[PDB]
């Protein structure tokens, strides 16, 4: 075609010009960058003007810990709202979820109850019509799930053994390749989908997997229809995106537009952006070299785009707020990484993105993630580290581990640590299960230690004055079998219903015809679990039973090894647990045959599950929060950074393919006297942690907080002083002021590494 020729003028040819292959395009067009940050430009006046205006609303949010405003009588769709601006005269990249900045929408297909809850919470009246429609006419995801749930599953939800699963909010964990829009334009993609639709006809007529193929055909039709609405959406903003982006400003706008449709139609917990910085660099480079845009203009565009990612909002309930604290979005962007061909995927745009942290200050969103490799340009390693030291707003994932695992250099990170090959893979989100309570149950014969009711399988509680490790471990193993069963069953119900009542058409429309699905199960409280085993194994744990023989407390005699001090005695146990559970869920059948995977991730579930869990063998008191993700319990890792890093890296990514989250907080001085020593040290630390070999797997993820516990205490009292203070808390970042007093409590009481 000649339209494609004009737009792609200058680009190197390859398969990507005949089929949808974004990876290929990037491969033979991107310009690797090994230079430094000296070329970076600063914020333009419009950028600052716009951002400041927005910050006014962000202050209001943190202050009231409630949305700035939200819809009350409009059901959100890709085309439901009119164009919305901060200031149309200033914006270089446009597009808002609703007609106003930060005004949250109503995404009813997930369930009308959560919306009523939100309304009641923020003192607002849900429009009666909207309510009638989504209770009587359009059945929601929520309704379908609770119509099929078992009383067992409900008991678990209530007791805090299996709580917070995606049965009352968008499942998320899906990243459409929004780059496809910039590259090919809507029309081309629709024609491609039409072909995909037709490719299924044969199987249909021949009765081949009749029901599976009918479902897919309908899904594909919905995708095709979503694509067309994308155009209509863009059109409201005065844009025609039927053809491909012809320059940088459009590539960016076209890509964002793809994502915008997604966040206008689905309210998934995590609505990640993907791996786009390098892709977009191809269009920026071209415009720079042709002298069509300056460098400051390039940065301004990235700023306005990243600014919009800072404005993504979703109406949530209070229950949701404690499960996922900080008003998180997980507009995750995977930056850098190395190609399979040895070259670095780092580009000038890699820098421009991190630089938004300077042009517009620190921000928890987008959740910028560095795909780290020991072979990255040192120039970049240092800068990333500096930015971490400067803002504590970045996270790192082991690219030397994942790139070779997928044997693909175009995978991105969904939410926190869940990898997927862009446009070819997704996850069936499963939140996380309370592994700690599972142990207590094993000890108390399935009776919940707080509610004193039978939750797990009725069995005989462990007896004796002192706990025997082998016995406790066998009972626990049995209860894990039970946990796996309940957990997978719940997810099967959930994803069958989500596919039925809230299929993410606009996002799936930006994937291939056949998408790989994994059934991601999460494990919460891994450390309290492992330490508790250690206490029983390497010490004398004496259970204190109540009138009914229920173990409501434990007496410990003789110290024992704890997770995070690189002591194989505990560390081996944690690694064992990870293995055990993974091997168990692995046997169970799943919906759409999603391949079961595991992740040691918790988000704020460490606080919620901890709140609902009584005294444990490790010594943790009742109601105390577990450690975030795979972190050692608060303060138990006291042998320096390298010690704890080594422990967490011991955890097998081979049994936790959905990710292993580790939040690492270190005091400035522990990294050096000056920033030059700090950069080099931090980068060196990560090189060691992420070090990968055929013998040593290495760490998978790493949040990096560089600050003093004091600064936070100050922030707690002087909120208005650090409006943009950002911190990593569990695999994502949040503005410290967006947290609740109890959630801040969890933070300040966490481990602040003092040495190496």
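Residue numbers count along the first chain shown, from 1. If you superpose the two forms and keep the largest set of C-alpha atoms that fall within 1.5 Å, you have the rigid core.
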{"property": "Core-fitted comparison in 6 other deposited structures of this protein, 598-606 vs 450-458, farther C-alphas", "result": "598-606"}
{"property": "Stretch with larger C-alpha RMS deviation in 6 other deposited structures of this protein, core superposed, 491-499 versus 312-320", "result": "312-320"}
{"property": "Given 283-291 and 100-108, the range whose Cα B-factors average higher in the PDB entry", "result": "283-291"}
{"property": "Mean C-alpha B-factor comparison - 526-534 and 181-189, higher one", "result": "526-534"}
{"property": "Selection by C-alpha B-factor (highest) of 136, 240, 504, 553", "result": "553"}
{"property": "Residue 327 CA temperature factor, ranked by third within the chain", "result": "lowest"}
{"property": "Cα B factor band for residue 169 (lowest, middle or highest third within the chain)", "result": "lowest"}
{"property": "Lowest, middle or highest third - CA B-factor, residue 478", "result": "highest"}
{"property": "Within-chain third of residue 453 by Cα B-factor, per the entry", "result": "highest"}
{"property": "Third of the chain, ranked by Cα B-factor, where residue 512 sits", "result": "lowest"}
